[PDB]
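Taking it in order: structure first as structure tokens, then the write-up.
Here Cβ is always computed from backbone atoms with ideal geometry, including for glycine, and neighbour counts include all displayed protein chains. Each answer follows from the model by the rule given with it, or from the source it names; these are not laboratory values.
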Number of protein chains: 2
Amino acid sequence: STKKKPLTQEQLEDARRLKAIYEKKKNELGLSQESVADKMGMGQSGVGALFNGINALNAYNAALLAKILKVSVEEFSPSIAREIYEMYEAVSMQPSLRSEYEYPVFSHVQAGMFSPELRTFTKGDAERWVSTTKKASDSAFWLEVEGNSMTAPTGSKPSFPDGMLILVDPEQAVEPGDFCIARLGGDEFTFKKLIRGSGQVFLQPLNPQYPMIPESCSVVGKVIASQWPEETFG
Amino acid sequence: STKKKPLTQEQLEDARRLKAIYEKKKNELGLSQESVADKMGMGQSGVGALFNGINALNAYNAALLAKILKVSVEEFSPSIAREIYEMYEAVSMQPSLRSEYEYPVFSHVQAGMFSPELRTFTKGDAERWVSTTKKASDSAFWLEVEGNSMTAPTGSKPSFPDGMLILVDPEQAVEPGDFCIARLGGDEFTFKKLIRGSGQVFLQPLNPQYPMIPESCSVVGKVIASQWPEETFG
DNA sequence: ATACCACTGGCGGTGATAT
DNA sequence: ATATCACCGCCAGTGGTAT
């Protein structure tokens with residue numbers, strides 16, 4: 001493992017998405033590996049290594065490549081986009097957001113969760129989808145809903161059955177009448193409704209087949225929408 | 001040296017710049033150093049030393065320590081201020097082939113009927129944000145569904161309950177397995193999923209508590225996605 | 001609580017290799 | 001000119017040890 005390469009799976013997913021796009025474009029502008037190499041500050045050396053997934057990319061070089069590919073980043077890597085994007089705020093302060101945004105779904109779990117940092121892309125990949133005209137994301141993310149926590153008793157107010165999508169966003173304002181998630185036992189998540197009952201904090205789900213946690217809960221972030229998957233077609 | 005640490009003027013005193021500003025604000029937000037150690041994601045021995053010119057910033061965490069130390073890189077490293085800035089143009093790119101914001105909300109009825117070309121419009125208003133994987137490059141639209149005609153049995157794959165929104169784009173394949181709006185006599189609708197069952201093809205209420213039915217009937221437009229409304233939250 | 005050290009791991013690179 | 005494999009220099013970053 002100092003002898004051979006590991007490289008994560010979505011670490012491939014990006015270099016792939018890239019690969020296919022390199023074919024079509026050299027055509028357009030008359031381009032090859034060593035040519036790339038030379039238009040930046042290096043050799044062919046890897047380059048393919050990347051497309052192929054032998055070496056993994058430095059966002060920065062990726063930031064070259066796209067320019068060279070006459071195209072954006074999401075088209076090949078979005079996670080990068082977020083990264084880059086982020087690093088900008090650093091300069092002049094403001095999220096223009098423009099059109100798309102991004103942010104992931106992850107392997108349904110707390111990923112340590114915020115307050116402390118997130119280890120970037122982290123153990124989870126889930127390829128991350130995005131697109132409904134999107135708002136302030138901060139440290140957001142989509143999540144698939146597994147546990148039937150709230151599943152409206154068959155035509156009630158709202159819903160949230162299996163496989164559907166909720167959206168985390170943790171840099172949020174969490175109040176009564178609102179949907180959200182909180183923390184339990186140091187480990188547990190559960191995605192629920194927030195209520196001041198007889199004047200206290202409760203978590204009820206739209207799913208009576210279920211109970212209701214009351215002191216020791218701490219909210220975590222305010223779920224903003226649902227979308228469903230896409231898989232719904234294929 | 002190279003058995004030691006390679007020294008280059010600015011390629012050093014940038015961090016100075018940093019720590020210099022650091023101590024002035026260091027206690028004014030609420031931070032030690034073990035605080036930079038954490039939050040960032042790397043040891044204190046690790047955090048603390050860079051600043052001594054002992055380590056050169058990568059473009060990365062560069063951008064971190066500003067959404068912390070309430071600055072703007074160039075405020076301490078324009079050398080990298082530069083570096084980050086010309087990667088956003090990598091991400092800036094252009095109004096691509098995927099959306100600004102699309103179709104409306106509508107009280108069901110006649111969707112125009114693509115028996116000719118589909119003619120629409122008997123009010124005009126809507127109030128509809130929100131986008132998708134751009135499709136609907138002809139005639140498509142949102143839809144709000146009252147009727148349990150899909151609400152899955154309690155614990156179940158797909159669902160679609162009440163007044164949860166959904167997207168049609170007839171300009172499209174549209175076949176058994178995909179979810180589809182349809183009507184009869186050129187009048188009705190309750191719409192269902194389509195199936196390949198022997199002796200003709202039919203539409204299955206995704207509430208098997210519902211009667212299910214099929215020559216005289218027609219298959220106008222196609223569902224591809226469905227999300228909860230914006231404000232069904234906040 | 002921060003400044004300082006002897007160490008290393010697995011990415012970011014060249015350079016010659018079989019299809 | 002596309003995939004490819006046997007090796008090194010390398011600096012961000014770390015675990016003890018101090019202050």
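Restricting the search to region A:90-111, which residues are surrounded by 15 or more Cβ atoms within 10 Å (Cβ to Cβ) and more than 23 Å from residue A:226 (Cβ to Cβ)?
Correct list: A:90, A:91.
Return only the number of the condition from (1) within 30 Å of residue B:31 (Cα to Cα); (2) buried (at least 16 other Cβ atoms within 10 Å of the Cβ) that residue A:122 does not satisfy.
If we test residue A:122 against (1) within 30 Å of residue B:31 (Cα to Cα); (2) buried (at least 16 other Cβ atoms within 10 Å of the Cβ), just (2) comes out false.
Looking at region A:195-215, which of its residues are of a type in the set (A, V, I, L, M, F, W, C) and either surrounded by fewer than 20 Cβ atoms within 10 Å (Cβ to Cβ) or over 29 Å from residue A:134 (Cβ atoms) (or both)?
Passing the criteria: A:195, A:201, A:202, A:206, A:212, A:213.
Which of the residues that make up region A:1-15 are surrounded by fewer than 15 Cβ atoms within 10 Å (Cβ to Cβ) and in a helix (DSSP H, G or I)?
A:9
Looking at region A:66-81, is at least one residue within 11 Å of chain B (Cβ to nearest Cβ), within 16 Å of DNA strand D (Cβ to nearest atom) and not aromatic (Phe, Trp, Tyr)?
yes
Pairs please, first residue from region B:34-56 and away from chain A (no Cβ under 14 Å), second anywhere and near DNA strand C (Cβ under 6 Å from one of its atoms) and part of a helix (DSSP H, G or I), Cβ atoms under 8 Å, 6+ apart in sequence or on different chains.
B:44/B:34; B:55/B:49
So which residues in region B:16-51 are surrounded by fewer than 13 Cβ atoms within 10 Å (Cβ to Cβ) and in contact with a helix residue (DSSP H, G or I) (Cβ under 7 Å, 6 or more places away or on another chain)?
B:34, B:43
Within region A:219-234, work out how many residues are more than 16 Å from the chain's Cα centre (by Cα), farther than 23 Å from residue A:196 by Cβ and more than 8 Å from chain B (Cβ to nearest Cβ).
2
Would region B:54-75 turn up any residue that is farther than 19 Å from residue B:26 by Cβ, away from DNA strand C (no atom under 16 Å from the Cβ) and assigned by CATH to the domain that holds residue B:37?
Yes, some residue in region B:54-75 is farther than 19 Å from residue B:26 by Cβ, away from DNA strand C (no atom under 16 Å from the Cβ) and assigned by CATH to the domain that holds residue B:37.
Can you find, within region A:82-127, the residue that is farthest from the other protein chains (Cβ to nearest Cβ) among those that are of a type in the set (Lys, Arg) and over 14 Å from residue A:138 (Cβ atoms)?
Within region A:82-127, the match that is farthest from the other protein chains (Cβ to nearest Cβ) is A:123.
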